[PDB]
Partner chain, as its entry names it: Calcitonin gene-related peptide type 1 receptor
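Below you'll find only one chain, the form solved without the partner chain, shown as structure tokens.
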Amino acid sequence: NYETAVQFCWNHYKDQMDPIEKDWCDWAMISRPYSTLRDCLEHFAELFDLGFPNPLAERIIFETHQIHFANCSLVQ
């Protein structure tokens, strides 16, 4: 079940992002837990023989941009 694996990826990501809400706009810093999220989404996509990117994975990507990065400054 890819949907279940995705929730696993998303919940691990949320666990990393929650304690550092003050630094969601620290681009170089948040790129690490974000990269793991992407690696996780791709890993299970491959495991379940689905393509990557796929719509569910892309909804997750849109979700973090909506809740974490949408109002961040691009610099400094």
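Residue numbers count along the first chain shown, from 1. Residues that one form lacks are left out of the comparison. Basically, rigid core = biggest C-alpha set you can superpose within 1.5 Å across the two forms.
What follows is about the form solved in complex with the partner chain, which we do not show.
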#### Entry: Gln66, heavy atom within 4.5 angstroms of the partner chain in the deposited complex
yes
### Query
So, in the deposited complex, is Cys9 in contact with the partner chain at a 4.5 angstroms heavy atom limit?
no
### the partner chain contact at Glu58 in the deposited complex, heavy atom, 4.5 Å
yes
### Task
Please check if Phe44 has a heavy atom lying within 4.5 Å of any heavy atom of the partner chain in the deposited complex.
no
## Note on the structure
Across 8 to 27, the residues having a non-hydrogen atom within 4.5 Å of the partner chain in the deposited complex turn out to be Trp27
### Query
With the two forms aligned on the rigid core, where do runs of 3 or more residues move by 2 angstroms or more at the CA atoms between this form and the one not shown?
73 to 75
